[PDB]
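S.K.: Hey, dropping input.cif in here, mmCIF, N, CA, C and O atoms:
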data_target
loop_
_atom_site.group_PDB
_atom_site.id
_atom_site.type_symbol
_atom_site.label_atom_id
_atom_site.label_comp_id
_atom_site.auth_asym_id
_atom_site.auth_seq_id
_atom_site.Cartn_x
_atom_site.Cartn_y
_atom_site.Cartn_z
ATOM 1 N N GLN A 1 99.570 104.881 79.038
ATOM 2 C CA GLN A 1 98.347 105.617 79.449
ATOM 3 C C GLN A 1 97.347 104.630 80.035
ATOM 4 O O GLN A 1 97.691 103.480 80.327
ATOM 5 N N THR A 2 96.110 105.071 80.169
ATOM 6 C CA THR A 2 95.047 104.238 80.689
ATOM 7 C C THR A 2 94.551 103.286 79.603
ATOM 8 O O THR A 2 94.890 103.449 78.426
ATOM 9 N N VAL A 3 93.799 102.270 79.998
ATOM 10 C CA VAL A 3 93.316 101.279 79.044
ATOM 11 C C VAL A 3 92.414 101.940 78.003
ATOM 12 O O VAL A 3 91.368 102.502 78.337
ATOM 13 N N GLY A 4 92.842 101.883 76.754
ATOM 14 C CA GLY A 4 92.100 102.484 75.652
ATOM 15 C C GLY A 4 92.893 102.379 74.362
ATOM 16 O O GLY A 4 92.611 101.526 73.513
ATOM 17 N N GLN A 5 93.915 103.222 74.232
ATOM 18 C CA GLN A 5 94.765 103.213 73.047
ATOM 19 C C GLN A 5 95.250 101.803 72.773
ATOM 20 O O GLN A 5 95.360 101.389 71.632
ATOM 21 N N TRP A 6 95.504 101.068 73.831
ATOM 22 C CA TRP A 6 95.937 99.685 73.717
ATOM 23 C C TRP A 6 94.923 98.898 72.889
ATOM 24 O O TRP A 6 95.276 98.246 71.898
ATOM 25 N N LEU A 7 93.658 99.013 73.271
ATOM 26 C CA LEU A 7 92.576 98.351 72.555
ATOM 27 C C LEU A 7 92.430 98.943 71.162
ATOM 28 O O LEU A 7 92.247 98.219 70.176
ATOM 29 N N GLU A 8 92.538 100.259 71.078
ATOM 30 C CA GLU A 8 92.452 100.930 69.796
ATOM 31 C C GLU A 8 93.626 100.520 68.921
ATOM 32 O O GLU A 8 93.468 100.287 67.728
ATOM 33 N N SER A 9 94.796 100.394 69.532
ATOM 34 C CA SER A 9 95.988 99.971 68.810
ATOM 35 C C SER A 9 95.725 98.652 68.111
ATOM 36 O O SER A 9 95.925 98.529 66.901
ATOM 37 N N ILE A 10 95.214 97.683 68.860
ATOM 38 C CA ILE A 10 94.863 96.399 68.276
ATOM 39 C C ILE A 10 93.566 96.527 67.479
ATOM 40 O O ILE A 10 93.072 95.553 66.910
ATOM 41 N N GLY A 11 93.032 97.742 67.433
ATOM 42 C CA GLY A 11 91.809 98.019 66.695
ATOM 43 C C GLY A 11 90.639 97.227 67.243
ATOM 44 O O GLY A 11 89.843 96.681 66.478
ATOM 45 N N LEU A 12 90.521 97.172 68.567
ATOM 46 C CA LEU A 12 89.419 96.443 69.197
ATOM 47 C C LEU A 12 88.713 97.299 70.251
ATOM 48 O O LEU A 12 88.681 96.941 71.433
ATOM 49 N N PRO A 13 88.119 98.397 69.846
ATOM 50 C CA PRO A 13 87.366 99.290 70.777
ATOM 51 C C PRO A 13 86.201 98.553 71.436
ATOM 52 O O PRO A 13 85.846 97.449 71.020
ATOM 53 N N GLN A 14 85.610 99.173 72.453
ATOM 54 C CA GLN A 14 84.473 98.590 73.185
ATOM 55 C C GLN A 14 84.941 97.552 74.190
ATOM 56 O O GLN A 14 84.127 96.924 74.877
ATOM 57 N N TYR A 15 86.248 97.384 74.303
ATOM 58 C CA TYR A 15 86.793 96.435 75.260
ATOM 59 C C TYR A 15 87.354 97.171 76.464
ATOM 60 O O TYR A 15 87.738 96.551 77.457
ATOM 61 N N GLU A 16 87.329 98.494 76.406
ATOM 62 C CA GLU A 16 87.779 99.299 77.524
ATOM 63 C C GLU A 16 86.786 99.176 78.668
ATOM 64 O O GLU A 16 87.136 98.731 79.766
ATOM 65 N N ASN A 17 85.526 99.476 78.378
ATOM 66 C CA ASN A 17 84.467 99.322 79.357
ATOM 67 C C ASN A 17 84.477 97.905 79.874
ATOM 68 O O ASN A 17 84.340 97.665 81.070
ATOM 69 N N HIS A 18 84.674 96.965 78.958
ATOM 70 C CA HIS A 18 84.739 95.559 79.312
ATOM 71 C C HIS A 18 85.806 95.340 80.369
ATOM 72 O O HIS A 18 85.532 94.788 81.440
ATOM 73 N N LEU A 19 87.023 95.794 80.083
ATOM 74 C CA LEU A 19 88.110 95.670 81.033
ATOM 75 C C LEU A 19 87.713 96.315 82.351
ATOM 76 O O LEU A 19 87.788 95.687 83.413
ATOM 77 N N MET A 20 87.239 97.551 82.271
ATOM 78 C CA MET A 20 86.784 98.266 83.457
ATOM 79 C C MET A 20 85.719 97.452 84.182
ATOM 80 O O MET A 20 85.790 97.259 85.397
ATOM 81 N N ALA A 21 84.743 96.965 83.429
ATOM 82 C CA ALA A 21 83.667 96.159 83.996
ATOM 83 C C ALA A 21 84.241 94.969 84.746
ATOM 84 O O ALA A 21 83.703 94.546 85.768
ATOM 85 N N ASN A 22 85.344 94.446 84.239
ATOM 86 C CA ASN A 22 86.016 93.315 84.872
ATOM 87 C C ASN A 22 87.015 93.812 85.910
ATOM 88 O O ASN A 22 87.814 93.039 86.443
ATOM 89 N N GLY A 23 87.003 95.114 86.151
ATOM 90 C CA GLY A 23 87.931 95.718 87.094
ATOM 91 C C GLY A 23 89.354 95.589 86.592
ATOM 92 O O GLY A 23 90.307 95.631 87.372
ATOM 93 N N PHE A 24 89.497 95.443 85.282
ATOM 94 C CA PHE A 24 90.806 95.320 84.672
ATOM 95 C C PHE A 24 91.348 96.690 84.322
ATOM 96 O O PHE A 24 90.673 97.478 83.658
ATOM 97 N N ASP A 25 92.562 96.964 84.754
ATOM 98 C CA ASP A 25 93.210 98.236 84.461
ATOM 99 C C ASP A 25 94.693 98.026 84.266
ATOM 100 O O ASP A 25 95.219 96.945 84.556
ATOM 101 N N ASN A 26 95.368 99.053 83.778
ATOM 102 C CA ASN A 26 96.806 98.979 83.534
ATOM 103 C C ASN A 26 97.122 97.817 82.609
ATOM 104 O O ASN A 26 97.586 96.755 83.051
ATOM 105 N N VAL A 27 96.851 98.009 81.327
ATOM 106 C CA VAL A 27 97.089 96.970 80.338
ATOM 107 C C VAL A 27 98.461 96.341 80.539
ATOM 108 O O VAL A 27 98.622 95.123 80.416
ATOM 109 N N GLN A 28 99.440 97.170 80.870
ATOM 110 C CA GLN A 28 100.786 96.686 81.104
ATOM 111 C C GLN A 28 100.785 95.655 82.214
ATOM 112 O O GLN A 28 101.177 94.505 82.004
ATOM 113 N N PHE A 29 100.323 96.058 83.391
ATOM 114 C CA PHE A 29 100.258 95.140 84.513
ATOM 115 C C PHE A 29 99.566 93.871 84.078
ATOM 116 O O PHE A 29 100.072 92.773 84.287
ATOM 117 N N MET A 30 98.431 94.033 83.411
ATOM 118 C CA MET A 30 97.693 92.892 82.900
ATOM 119 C C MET A 30 98.593 92.033 82.028
ATOM 120 O O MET A 30 98.773 90.842 82.287
ATOM 121 N N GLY A 31 99.168 92.644 81.005
ATOM 122 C CA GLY A 31 100.044 91.930 80.083
ATOM 123 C C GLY A 31 101.267 91.387 80.786
ATOM 124 O O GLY A 31 101.972 90.532 80.247
ATOM 125 N N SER A 32 101.508 91.866 81.988
ATOM 126 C CA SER A 32 102.639 91.407 82.770
ATOM 127 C C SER A 32 102.164 90.561 83.942
ATOM 128 O O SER A 32 102.967 90.133 84.778
ATOM 129 N N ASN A 33 100.853 90.361 84.031
ATOM 130 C CA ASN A 33 100.281 89.611 85.148
ATOM 131 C C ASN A 33 99.299 88.545 84.681
ATOM 132 O O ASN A 33 99.415 87.376 85.058
ATOM 133 N N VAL A 34 98.308 88.953 83.901
ATOM 134 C CA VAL A 34 97.275 88.029 83.447
ATOM 135 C C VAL A 34 97.415 87.713 81.963
ATOM 136 O O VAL A 34 97.283 88.592 81.109
ATOM 137 N N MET A 35 97.620 86.442 81.666
ATOM 138 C CA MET A 35 97.701 85.976 80.293
ATOM 139 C C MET A 35 96.969 84.651 80.177
ATOM 140 O O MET A 35 97.491 83.610 80.591
ATOM 141 N N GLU A 36 95.753 84.692 79.651
ATOM 142 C CA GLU A 36 94.929 83.492 79.524
ATOM 143 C C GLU A 36 93.740 83.755 78.620
ATOM 144 O O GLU A 36 93.268 84.887 78.517
ATOM 145 N N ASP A 37 93.226 82.697 78.013
ATOM 146 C CA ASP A 37 92.049 82.803 77.163
ATOM 147 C C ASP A 37 90.810 83.058 78.011
ATOM 148 O O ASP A 37 90.017 83.959 77.723
ATOM 149 N N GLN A 38 90.650 82.257 79.060
ATOM 150 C CA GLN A 38 89.505 82.391 79.952
ATOM 151 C C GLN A 38 89.341 83.828 80.405
ATOM 152 O O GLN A 38 88.228 84.333 80.507
ATOM 153 N N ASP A 39 90.460 84.488 80.670
ATOM 154 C CA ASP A 39 90.427 85.873 81.107
ATOM 155 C C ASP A 39 89.771 86.737 80.057
ATOM 156 O O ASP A 39 88.931 87.575 80.368
ATOM 157 N N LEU A 40 90.095 86.482 78.807
ATOM 158 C CA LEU A 40 89.461 87.201 77.722
ATOM 159 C C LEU A 40 87.963 86.987 77.813
ATOM 160 O O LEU A 40 87.173 87.930 77.708
ATOM 161 N N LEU A 41 87.584 85.752 78.097
ATOM 162 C CA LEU A 41 86.185 85.424 78.288
ATOM 163 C C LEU A 41 85.661 86.148 79.519
ATOM 164 O O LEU A 41 84.556 86.696 79.510
ATOM 165 N N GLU A 42 86.475 86.178 80.571
ATOM 166 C CA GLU A 42 86.109 86.872 81.803
ATOM 167 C C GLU A 42 85.677 88.297 81.489
ATOM 168 O O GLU A 42 84.606 88.741 81.912
ATOM 169 N N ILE A 43 86.508 89.008 80.733
ATOM 170 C CA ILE A 43 86.185 90.375 80.358
ATOM 171 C C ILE A 43 85.000 90.399 79.410
ATOM 172 O O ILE A 43 84.414 91.450 79.172
ATOM 173 N N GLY A 44 84.654 89.240 78.875
ATOM 174 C CA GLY A 44 83.534 89.128 77.953
ATOM 175 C C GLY A 44 83.993 89.186 76.501
ATOM 176 O O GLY A 44 83.180 89.384 75.597
ATOM 177 N N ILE A 45 85.284 88.971 76.266
ATOM 178 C CA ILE A 45 85.801 88.962 74.901
ATOM 179 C C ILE A 45 85.386 87.665 74.214
ATOM 180 O O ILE A 45 85.995 86.620 74.431
ATOM 181 N N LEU A 46 84.321 87.726 73.432
ATOM 182 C CA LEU A 46 83.803 86.535 72.764
ATOM 183 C C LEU A 46 84.652 86.163 71.555
ATOM 184 O O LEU A 46 85.393 85.171 71.580
ATOM 185 N N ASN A 47 84.512 86.942 70.483
ATOM 186 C CA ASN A 47 85.235 86.684 69.234
ATOM 187 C C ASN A 47 86.655 86.202 69.507
ATOM 188 O O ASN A 47 87.498 86.961 69.985
ATOM 189 N N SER A 48 86.911 84.940 69.206
ATOM 190 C CA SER A 48 88.228 84.365 69.423
ATOM 191 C C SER A 48 89.296 85.190 68.722
ATOM 192 O O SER A 48 90.368 85.433 69.284
ATOM 193 N N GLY A 49 88.977 85.689 67.536
ATOM 194 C CA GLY A 49 89.900 86.556 66.827
ATOM 195 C C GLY A 49 90.283 87.709 67.730
ATOM 196 O O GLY A 49 91.465 88.003 67.925
ATOM 197 N N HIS A 50 89.272 88.316 68.345
ATOM 198 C CA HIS A 50 89.500 89.388 69.295
ATOM 199 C C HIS A 50 90.287 88.859 70.473
ATOM 200 O O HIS A 50 91.301 89.434 70.860
ATOM 201 N N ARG A 51 89.837 87.734 71.021
ATOM 202 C CA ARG A 51 90.537 87.110 72.134
ATOM 203 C C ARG A 51 92.006 86.927 71.775
ATOM 204 O O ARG A 51 92.898 87.378 72.498
ATOM 205 N N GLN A 52 92.251 86.309 70.627
ATOM 206 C CA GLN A 52 93.610 86.112 70.151
ATOM 207 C C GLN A 52 94.322 87.450 70.043
ATOM 208 O O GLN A 52 95.449 87.607 70.522
ATOM 209 N N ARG A 53 93.653 88.421 69.431
ATOM 210 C CA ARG A 53 94.224 89.749 69.283
ATOM 211 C C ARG A 53 94.552 90.329 70.647
ATOM 212 O O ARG A 53 95.657 90.807 70.871
ATOM 213 N N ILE A 54 93.604 90.251 71.568
ATOM 214 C CA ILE A 54 93.828 90.738 72.919
ATOM 215 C C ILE A 54 94.998 89.987 73.546
ATOM 216 O O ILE A 54 95.900 90.594 74.132
ATOM 217 N N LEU A 55 95.008 88.670 73.373
ATOM 218 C CA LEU A 55 96.103 87.860 73.879
ATOM 219 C C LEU A 55 97.411 88.372 73.302
ATOM 220 O O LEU A 55 98.376 88.614 74.024
ATOM 221 N N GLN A 56 97.413 88.599 72.005
ATOM 222 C CA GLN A 56 98.580 89.151 71.344
ATOM 223 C C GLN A 56 98.808 90.576 71.819
ATOM 224 O O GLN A 56 99.946 91.029 71.957
ATOM 225 N N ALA A 57 97.714 91.273 72.083
ATOM 226 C CA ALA A 57 97.778 92.644 72.546
ATOM 227 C C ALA A 57 98.559 92.731 73.840
ATOM 228 O O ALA A 57 99.449 93.573 73.973
ATOM 229 N N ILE A 58 98.244 91.858 74.799
ATOM 230 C CA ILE A 58 98.972 91.871 76.052
ATOM 231 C C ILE A 58 100.406 91.426 75.814
ATOM 232 O O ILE A 58 101.346 91.983 76.388
ATOM 233 N N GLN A 59 100.576 90.450 74.925
ATOM 234 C CA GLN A 59 101.904 89.972 74.571
ATOM 235 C C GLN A 59 102.725 91.112 73.994
ATOM 236 O O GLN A 59 103.943 91.169 74.168
ATOM 237 N N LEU A 60 102.052 92.023 73.312
ATOM 238 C CA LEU A 60 102.718 93.174 72.724
ATOM 239 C C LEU A 60 103.272 94.075 73.822
ATOM 240 O O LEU A 60 104.281 94.755 73.629
ATOM 241 N N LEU A 61 102.614 94.069 74.976
ATOM 242 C CA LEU A 61 103.057 94.883 76.102
ATOM 243 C C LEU A 61 104.343 94.316 76.698
ATOM 244 O O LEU A 61 104.400 93.138 77.049
ATOM 245 N N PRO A 62 105.372 95.127 76.807
ATOM 246 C CA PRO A 62 106.689 94.695 77.367
ATOM 247 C C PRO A 62 106.526 93.827 78.615
ATOM 248 O O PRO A 62 105.615 94.049 79.416
ATOM 249 N N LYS A 63 107.421 92.860 78.786
ATOM 250 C CA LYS A 63 107.380 91.976 79.949
ATOM 251 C C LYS A 63 108.137 92.590 81.121
ATOM 252 O O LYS A 63 108.912 93.492 80.891
#
Just dump the structure as structure tokens.
M.R.:
Amino acid sequence: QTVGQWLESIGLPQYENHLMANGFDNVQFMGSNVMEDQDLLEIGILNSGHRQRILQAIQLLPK
């Protein structure tokens, strides 16, 4: 689906708008295209735990 449940799945809401704000969409494509810490920062993901979770979140998305 669209970016949301993915964030909710990792239990990290409020990152959807963030992704959108960063023009980030298609978590899959992202998880299959963009994998980096800075990117988490790009979207404004501060909390490293969240960043790590998001990093793991994209990793969770099939390659």
S.K.: Considering all atoms listed in the file, return as a list in words whatever protein or nucleic-acid residues lie within 8 Å of residue A:2, sequence-local ones (same chain, fewer than 4 positions apart) excluded.
M.R.: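 Answer for this query is residues 6, 7, 25, 26, 27 and 28 of chain A.
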S.K.: Restricting the calculation to only C-alpha atoms: of A:5, A:22, A:14, A:32, which residue gets closest to residue A:62?
M.R.: A:32
S.K.: Taking every listed atom of stretch 36-49 of chain A and adding 6 Å to each side, what centre and edge lengths in Å (one decimal) does the axis-aligned box have, as JSON?
M.R.:
{"center_x": 89.5, "center_y": 86.9, "center_z": 74.4, "size_x": 24.6, "size_y": 21.2, "size_z": 27.1}
S.K.: What is the distance between atom CA of residue A:36 and atom CA of residue A:51, in Å to one decimal?
M.R.: 9.3 Å
S.K.: Could you list, as a ChimeraX atom specification, every residue within 10 Å of stretch 37-48 of chain A, counting only C-alpha atoms and ignoring same-chain residues fewer than 5 positions away?
M.R.: /A:14-24,53-55
S.K.: May I ask which of the residues A:13, A:3, A:31, A:8 is the closest one to residue A:61, counting only N, CA, C and O atoms?
M.R.: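 Using only N, CA, C and O atoms, residue A:61 sits closest to A:31.
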S.K.: DSSP on the backbone, helix (DSSP H, G or I) only: what residues of chain A does that give? Format it as a PyMOL selection string.
M.R.: chain A and resi 5-9+16-21+27-31+37-43+48-60
S.K.: Of the residues A:58, A:35, A:30, A:63, which is the one nearest to residue A:9, using only C-alpha atoms?
M.R.: A:58
S.K.: Work out how far apart atom O of residue A:29 and atom N of residue A:12 are and give it in Å to one decimal.
M.R.: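 For atom O of residue A:29 relative to atom N of residue A:12, the distance reads 18.9 Å.
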